[PDB]
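**Student:**
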Amino acid sequence: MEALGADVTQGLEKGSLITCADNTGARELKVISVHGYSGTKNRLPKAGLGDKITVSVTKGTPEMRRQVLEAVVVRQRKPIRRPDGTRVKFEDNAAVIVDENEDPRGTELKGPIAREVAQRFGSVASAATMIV
Amino acid sequence: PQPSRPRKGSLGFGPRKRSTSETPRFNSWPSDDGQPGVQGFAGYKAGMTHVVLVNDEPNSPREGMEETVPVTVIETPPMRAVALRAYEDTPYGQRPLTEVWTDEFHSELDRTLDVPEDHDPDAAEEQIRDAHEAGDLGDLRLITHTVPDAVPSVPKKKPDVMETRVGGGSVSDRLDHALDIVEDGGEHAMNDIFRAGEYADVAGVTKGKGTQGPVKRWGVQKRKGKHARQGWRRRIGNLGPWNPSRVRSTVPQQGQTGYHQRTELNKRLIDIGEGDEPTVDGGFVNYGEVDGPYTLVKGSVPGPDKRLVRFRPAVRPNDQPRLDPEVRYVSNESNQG
Amino acid sequence: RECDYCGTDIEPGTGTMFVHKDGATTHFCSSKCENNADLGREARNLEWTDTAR
RNA sequence: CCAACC
RNA sequence: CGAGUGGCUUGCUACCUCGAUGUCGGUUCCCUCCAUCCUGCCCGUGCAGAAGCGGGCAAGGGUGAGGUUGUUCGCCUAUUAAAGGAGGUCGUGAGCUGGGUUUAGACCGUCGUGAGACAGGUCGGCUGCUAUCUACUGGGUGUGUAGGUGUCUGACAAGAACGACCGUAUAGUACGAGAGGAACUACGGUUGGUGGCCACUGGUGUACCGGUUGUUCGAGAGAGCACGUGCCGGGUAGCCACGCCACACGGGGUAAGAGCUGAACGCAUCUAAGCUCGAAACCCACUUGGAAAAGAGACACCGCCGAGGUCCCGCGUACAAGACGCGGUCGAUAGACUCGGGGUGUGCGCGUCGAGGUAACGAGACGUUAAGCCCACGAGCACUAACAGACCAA
RNA sequence: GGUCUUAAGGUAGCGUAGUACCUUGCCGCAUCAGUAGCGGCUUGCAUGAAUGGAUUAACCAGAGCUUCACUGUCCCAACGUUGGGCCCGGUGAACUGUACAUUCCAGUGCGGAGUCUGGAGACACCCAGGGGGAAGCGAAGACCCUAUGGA
RNA sequence: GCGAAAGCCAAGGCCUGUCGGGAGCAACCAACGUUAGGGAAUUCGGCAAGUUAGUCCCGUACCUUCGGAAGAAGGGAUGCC
RNA sequence: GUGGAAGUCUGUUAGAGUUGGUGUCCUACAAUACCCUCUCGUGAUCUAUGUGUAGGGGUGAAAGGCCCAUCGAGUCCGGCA
Ligand SMILES: [Cl-]
Ligand SMILES: [Cl-]
Ligand SMILES: [K+]
Ligand SMILES: [Mg+2]
Ligand SMILES: [Mg+2]
Ligand SMILES: [Mg+2]
Ligand SMILES: [Mg+2]
Ligand SMILES: [Mg+2]
Ligand SMILES: [Mg+2]
Ligand SMILES: [Mg+2]
Ligand SMILES: [Mg+2]
Ligand SMILES: [Mg+2]
Ligand SMILES: [Mg+2]
Ligand SMILES: [Mg+2]
Ligand SMILES: [Mg+2]
Ligand SMILES: [Mg+2]
Ligand SMILES: [Mg+2]
Ligand SMILES: [Mg+2]
Ligand SMILES: [Mg+2]
Ligand SMILES: [Mg+2]
Ligand SMILES: [Mg+2]
Ligand SMILES: [Mg+2]
Ligand SMILES: [Mg+2]
Ligand SMILES: [Mg+2]
Ligand SMILES: [Mg+2]
Ligand SMILES: [Mg+2]
Ligand code: NA
Ligand code: NA
Ligand code: NA
Ligand code: NA
Ligand code: NA
Ligand code: NA
Ligand code: NA
Ligand code: NA
Ligand code: NA
Ligand code: NA
Ligand code: NA
Ligand code: NA
Ligand code: NA
Ligand code: NA
Ligand code: NA
Ligand code: NA
Ligand code: NA
Ligand code: NA
Ligand code: NA
Ligand SMILES: [Sr+2]
Ligand SMILES: [Sr+2]
Ligand SMILES: [Sr+2]
Ligand SMILES: [Sr+2]
Ligand SMILES: [Sr+2]
Ligand SMILES: [Sr+2]
Ligand SMILES: [Sr+2]
Ligand SMILES: [Sr+2]
Ligand SMILES: [Sr+2]
Ligand SMILES: [Sr+2]
Ligand SMILES: [Sr+2]
Ligand SMILES: [Sr+2]
Ligand SMILES: [Sr+2]
Ligand SMILES: [Sr+2]
Ligand SMILES: [Sr+2]
Ligand SMILES: [Sr+2]
Ligand SMILES: [Sr+2]
Ligand SMILES: [Sr+2]
Ligand SMILES: [Sr+2]
Ligand SMILES: [Sr+2]
Ligand SMILES: [Sr+2]
Ligand SMILES: [Sr+2]
Ligand SMILES: [Sr+2]
Ligand SMILES: [Sr+2]
Ligand SMILES: [Sr+2]
Ligand SMILES: [Sr+2]
Ligand SMILES: [Sr+2]
Ligand SMILES: [Sr+2]
Ligand SMILES: [Sr+2]
Ligand SMILES: [Sr+2]
Ligand SMILES: [Sr+2]
Ligand SMILES: [Sr+2]
Ligand SMILES: [Sr+2]
Ligand SMILES: [Sr+2]
Ligand SMILES: [Sr+2]
Ligand SMILES: [Sr+2]
Ligand SMILES: [Sr+2]
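Chains as they are written, first to last, in the working numbering: chain Z, 68 to 199; chain G, 8 to 344; chain B, 594 to 646.
(1) Threshold first: 3 residues or longer. Then list the beta strand (DSSP E) segments lying entirely within the region 38–91 of chain G, N to C.
(2) Is G:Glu281 near G:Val209, with beta carbons less than 9 Å apart?
(3) Kindly identify the DSSP beta-bridge partner or partners of G:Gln101.
(4) Decide if Z:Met68 is buried, meaning its Cβ has at least 16 other Cβ atoms within 10 Å, or exposed.
(5) Closer than 8 Å by beta-carbon distance: list the chain B residues that pair up with G:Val59, in chain order.
(6) So does the region 70–79 of chain Z actually touch the region 138–155 of chain Z, counting three or more Cβ pairs closer than 8 Å?
(7) Anything in chain B within Cβ reach of Z:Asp151, meaning under 7 Å, just list it in chain order.
(8) Kindly indicate which residue of Z:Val135, Z:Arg172, Z:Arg148, Z:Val139 has the alpha-carbon position closest to the one of G:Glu74.
(9) Is it true that the region 100–109 of chain G meets the region 63–77 of chain G, where meeting means three or more beta-carbon pairs spaced less than 8 Å apart?
(10) Based on DSSP bridge pairs, tell me the residues matched to G:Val107.
(11) With 9 Å as the C-beta to C-beta threshold (strictly closer), list the residues of the region 294–318 of chain G near chain B in chain order.
(12) Excluding the 5 residues preceding and the 5 following G:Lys165 in the sequence, name in chain order all residues of the same chain whose CB lies nearer than 8 Å to its CB.
(13) Cβ atoms of Z:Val135 and Z:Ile99: under 9 Å apart, would you say?
(14) Nearest-angstrom Cα distance between G:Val80 and G:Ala53?
(15) If you drop the 5 nearest sequence neighbours on each side, which residues of the same chain put their C-beta closer than 6 Å to that of Z:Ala192?
(16) For my contact list, G:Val222 and G:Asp278 are in at a C-beta cut-off of 8 Å; report their separation, rounded to the angstrom.
(17) Here's the rule: buried if 16 or more other CB atoms are within 10 angstroms of the residue's CB, otherwise exposed. What is Z:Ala88?
(18) Give the residues of chain B in contact with G:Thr75, contact being defined as C-beta atoms less than 9 Å apart.
(19) Do you know how far the Cα of G:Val58 is from the Cα of Z:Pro179?
(20) Buried or exposed for Z:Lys156, going by 16 or more other Cβ atoms inside 10 Å?
(21) Measuring CA to CA, which of G:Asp143, G:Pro84, G:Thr109, G:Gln237 is closest to G:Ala185?
(22) Using the DSSP secondary-structure output, state which residues sit across from Z:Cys87 in a beta bridge.
(23) In the region 119–187 of chain G, which residue ranges form an unbroken beta strand (DSSP E) of at least 3 residues, counting only runs that do not cross its ends?
(24) Would you verify that the beta carbon of B:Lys614 is, or is not, closer than 9 Å to some beta carbon of chain Z?
(25) With three or more C-beta pairs closer than 8 Å as the rule, is the region 149–169 of chain Z touching the region 599–609 of chain B?
(26) Is the Cβ-Cβ distance between G:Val173 and G:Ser26 less than 9 Å?
(27) Counting only Cβ pairs nearer than 9 Å, list the residues of chain B close to G:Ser338.
(28) Using 8 Å as the cut-off, classify the Cβ of B:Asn628 as near or not near the heavy atoms of ligand 4, replying yes or no.
(29) Span of the beta strand (DSSP E) holding Z:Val101?
(30) Should G:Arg230 and G:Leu147 be called a contact, given that it needs their Cβ atoms to be closer than 9 Å?
(31) Let's see if you can read the secondary structure: which residues bound the alpha helix (DSSP H) around G:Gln343?
(32) Please state whether DSSP places G:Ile200 in a helix, a strand or coil.
Structure representation (structure tokens):
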């Protein structure tokens, strides 16, 4: 993928429960897999800011629950490092549901997004209210 | 079905024993291209700080932008190429033929060697030139030593001696180039060899940790879950199969870890100066203050503070040189805190 | 930059930026400041702080 | 599979 | 239908072992095989492209995470370049586990007149040992080569030190009616592996500073105990990873394969002689060890009445003993002191205020006070201690 | 089959059960995915009425399953504490010992060799270590069979 | 303090749950403290560890042999002067 | 409201016991020990001393448990070489 523009310490693993920062009807997401990732023996697959992940809906509307969908990690509590050395961290972990073209399934995003995620997923960005 | 997994640790840095010379010894030198020139230099590790640089990379989306970069400060005072040793080619490889020494010696070089009192620089030179005419001359190197005294933070006064190959144009031309340096006093500096922005390979004896177990030394797992409470916590599963009936040297075991020679490749030289611009408030921890010839190496360098590190022009650079990077800031913030 | 908590200047190539839930931003110069803020202390009531001084 | 008797 | 190879399954045999070679599965750690799952290079196609399908060379590297089940196997899920198979006493219990299996208790079904039986099911149910030899990982002392210091050589030895992927430009281009849709090459990044380092972020930090509960020292001050910090907050050095740095290109020879010249066989023929090319594979490049390489090495200088070394002393860039390294007045090596740089968070005492209360009394607030306390770091400084001194040595 | 053996021929209930071989039975629930678990169906290899059937509030260091909370069980390990470990003074055992013994790769051999054969490697001694091998030490195999053995 | 509970302290007893000396004191082991983000992914199985916790006020379901279930659950309060 | 029942609850009160760690130990401190966790604790309770039941016999809320480290038939000596 296109260089992110910052160094990330993956703060999530397969099975982690995160916030769905959009209005798709899904409230809580569970990480199932990380696109393009391949680990090592015993290592739990990890995901962090900027990664595209497959997810299942743990909490939300009946129609959304249990659906297996693609998403994009927009926020995480574990810090990340920007070119100027500063570390950046969020209040929670969150992802935005996305389709085969990486366009947000929802109409609006909730909460701030990291600028680095904007680079990668422009259409996701062209839905962001706040970009930090 | 027993998943695959790479082995624990590399088999290419063994045996993992205590190094014989604390002074690093390069086992390779740059190729002969440009004009003749000493292919290496040395210094003493002081500590680290960071510097904000202007992205130099012409292929970077950030070219021309601020960038914080970690730097290891190495005090690189002038050294003295004290002699010229010649190697001849023989059926059994290269062998020292003779050496051309000088008269001017640093006041304390006698803390390591028995300084020459009676030598014939011309008989030596003569034998060497005859070797070239004959075509039996191997490479040409300079016996070099440091000047610990120039460095206040380092307690040693006893100079460290190392041999550094001289490469360059034609042998005749660099042979003459070698003889010139030596004769003077051999006093040469970091500037004479490197330019800020070039890539250097740094060699040094790592920090010692004495005896350590397989977990730390080879990176084997610790025992897990229930297997961690029965009486074994940091011991590997087994020393090998029933057959072969012996323990292979490849199984991870306890032993000396640290204090090994390592040659770190492609370290970019961020800046070569003199003075106290890089020094840190309060002084570099366990080292002291810097105020003299110094080099800022990008990133980390093997060894503890005060150890002798060696520089060599990168023998296998991956990227082209981008000379004299622009340094907009050099942190001097205390390292205690 | 200045630390949004104690007031001292943040040494370049240092510190962390915490991104609040509402999108706000707080630039901390160190863990000490972060940790006092986490405790709910207001920099103005802490004597050693530049803000307080 | 299997680690005895069936 | 015919001919074989393997020794993973199963069967057969009873050769070895019953004065015992602990039994399945898993786990951990190491080496290997190729009948190749991916990656490199090829050939064919019912090969336009993209992609499939089949075949050849090839074992360098990789082959992962999860749900049921003790399970092996397998079924299933999302990832992936791919998530290959097999040998090592079905590698691995003087390594682990004890779910299964596999005693003694007990139950169900079936069988038995009964005692009791059932690779049928079910609940519970015990794992000893201070390593002699050998093996290997690391560390020493001697002898040999035959006075000392310093610097090297390189026979050998180890490496995967690197493997893989995504993205961009090429390019909505070649190809194709369209749908769809490449490559050479140049770049940016990720992942797995590898070695090192602590400026940054993060952890620790029973150094340290603060808050505070119970109790005891009459109160105050200052302290002990509450497990080797009572509890809580912060955290220097150091050590660490979750942090940071670095880990090619290029040559040489080949396999499959593509060809050249070319005859036996006037022609033809990549082959028989000769030759041009051509794989992640082989060799070199790179890193690490390496004078005990018995052909036991090379060079330079010093010394044989003295070069050098030992004891001793102050110490760590070193360290389980040993070893290693630095300094010893020609000196800043360690400590004291004073600065500097750090940690904590505003000391004792006193003064004002303070809900009230006749008063006594009074939790607490402000000032004095960027205070007080403390520091495994740095500088300065010979104040103290590196003194005195003994000895070996061609 | 629409009686026959041997008296009767399984009723109420319960049911894939701590009983179902087939079997991961089929449907549903729950999970990304559930040989598990729960509900239903049920022809029950081989349920069933004091050989008690069903049911059941309360109780339980009894067996199985799910959820919330939490966490170093795990990803993936780090730093620290106390006692050992290491060095020194003193005290001072035991297990084990046919012999030799510096081994390694192959082979051979009663087919599972440090000692046989061929090669390879190998200067002596000592310290620390984790235990690959000595089919290691400990116990005349608790299994199996055999004995004109025992209980 | 509810307390013959914990913890601390008297009277009284002891330094004999009887080998010491030394190394910032390494590997490894026994007990144990602290661990960012994730939060059972570990495992046959949450085994081990942890979470909760005292007292008062509010409030408390299915089911029931009417006893119980129940401290269900869930929520709030707590010092000093 | 009183009353204060209970093979009733909590409880390391005394006291009794022992689910798990398959922790420590396993030439032990110990031929059944140590630590934490855990269960009972007004009763078919626990406990001291005295006393009775004896080997094909006792005793047994039954595990072939127990009858002096010994039990699907104690121990000693004898039968017995
Ligand atoms: Cl995955
Ligand atoms: Cl393990
Ligand atoms: K046997
Ligand atoms: Mg695993
Ligand atoms: Mg620091
Ligand atoms: Mg800082
Ligand atoms: Mg036989
Ligand atoms: Mg045995
Ligand atoms: Mg093949
Ligand atoms: Mg291989
Ligand atoms: Mg086996
Ligand atoms: Mg074994
Ligand atoms: Mg065993
Ligand atoms: Mg043992
Ligand atoms: Mg079971
Ligand atoms: Mg069982
Ligand atoms: Mg059986
Ligand atoms: Mg069922
Ligand atoms: Mg009846
Ligand atoms: Mg026997
Ligand atoms: Mg039997
Ligand atoms: Mg009989
Ligand atoms: Mg943590
Ligand atoms: Mg698992
Ligand atoms: Mg438990
Ligand atoms: Mg009695
Ligand atoms: Na143990
Ligand atoms: Na074995
Ligand atoms: Na065959
Ligand atoms: Na096994
Ligand atoms: Na391969
Ligand atoms: Na499975
Ligand atoms: Na075996
Ligand atoms: Na065992
Ligand atoms: Na096993
Ligand atoms: Na080649
Ligand atoms: Na019946
Ligand atoms: Na009970
Ligand atoms: Na822990
Ligand atoms: Na062994
Ligand atoms: Na019997
Ligand atoms: Na004594
Ligand atoms: Na009444
Ligand atoms: Na117990
Ligand atoms: Na009898
Ligand atoms: Sr050298
Ligand atoms: Sr070399
Ligand atoms: Sr155990
Ligand atoms: Sr063997
Ligand atoms: Sr035997
Ligand atoms: Sr082959
Ligand atoms: Sr392929
Ligand atoms: Sr199966
Ligand atoms: Sr098997
Ligand atoms: Sr295996
Ligand atoms: Sr079992
Ligand atoms: Sr079974
Ligand atoms: Sr049975
Ligand atoms: Sr000899
Ligand atoms: Sr492209
Ligand atoms: Sr199109
Ligand atoms: Sr204490
Ligand atoms: Sr508490
Ligand atoms: Sr060919
Ligand atoms: Sr020699
Ligand atoms: Sr019926
Ligand atoms: Sr032999
Ligand atoms: Sr040992
Ligand atoms: Sr007293
Ligand atoms: Sr005594
Ligand atoms: Sr702490
Ligand atoms: Sr689980
Ligand atoms: Sr699981
Ligand atoms: Sr509550
Ligand atoms: Sr009771
Ligand atoms: Sr009780
Ligand atoms: Sr047990
Ligand atoms: Sr425990
Ligand atoms: Sr025992
Ligand atoms: Sr009572
Ligand atoms: Sr007895
Ligand atoms: Sr007799």
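Built from N, CA and C at the ideal position, the CB exists for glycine as well.
**Tutor:** A quick look at the data gives this:
(1) Unbroken beta strand (DSSP E) stretches of 3 residues or longer found wholly inside the region 38–91 of chain G: 48–61, 73–82, given in chain order.
(2) Taking a C-beta distance under 9 Å as the contact criterion, G:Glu281 and G:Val209 do not qualify as a contact pair.
(3) Secondary-structure assignment with DSSP links G:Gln101 through a beta bridge to G:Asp96.
(4) Result: exposed.
(5) Listed along chain B are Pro605, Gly606, each with a C-beta nearer than 8 Å to that of G:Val59.
(6) With the cut-off at 8 Å, the region 70–79 of chain Z and the region 138–155 of chain Z touch.
(7) What Z:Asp151 touches in chain B: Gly606.
(8) Out of Z:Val135, Z:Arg172, Z:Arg148, Z:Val139, the CA that lies nearest to the CA of G:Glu74 is found in Z:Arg148.
(9) Touching, no.
(10) Paired residues: G:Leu91.
(11) Hits within the stretch: zero.
(12) Shown here for G:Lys165: same chain residues with a beta carbon closer than 8 Å to its own, the five before and five after excluded, namely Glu115, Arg118, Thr119, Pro155 in chain order.
(13) Taking 9 Å as the Cβ cut-off, Z:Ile99 and Z:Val135 qualify as a contacting pair.
(14) Taking the straight line from one Cα to the other gives about 6 Å.
(15) Scanning its chain for C-beta atoms nearer than 6 Å, with the 5 sequence neighbours on each side dropped, one finds around Z:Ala192 the residues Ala185, in chain order.
(16) The Cβ separation is near 39 Å, so there is no contact.
(17) Z:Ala88 is buried by the Cβ-count criterion.
(18) Chain-ordered, the chain B residues with CB closer than 9 Å to the CB of G:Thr75 read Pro605, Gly606, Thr607.
(19) Cα-Cα distance, rounded: 31 Å.
(20) Burial call: buried.
(21) When only C-alpha atoms are compared, the closest one is G:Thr109.
(22) Under the DSSP definition of a beta bridge, Z:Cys87 partners with Z:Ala162.
(23) Fully enclosed beta strand (DSSP E) runs of 3 or longer: 144–152, 168–174.
(24) Interface annotation, B:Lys614: in contact with chain Z, CB-CB separation under 9 Å.
(25) Per the Cβ contact rule, the region 599–609 of chain B is in contact with the region 149–169 of chain Z (3 or more Cβ pairs under 8 Å).
(26) No, these two residues do not count as a Cβ contact at 9 Å.
(27) Ordered by position in chain B, the residues that pass the 9 Å Cβ test against G:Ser338 are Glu604, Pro605, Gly606, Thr607.
(28) Flag unset: Cβ of B:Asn628 not near ligand 4.
(29) 93–101 is the span of the beta strand (DSSP E), which, as asked, contains Z:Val101.
(30) Not in contact: G:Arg230 and G:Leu147 (Cβ atoms no closer than 9 Å).
(31) First-last for G:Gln343: undefined, no H or E at that position.
(32) Here G:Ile200 sits in helix by DSSP.
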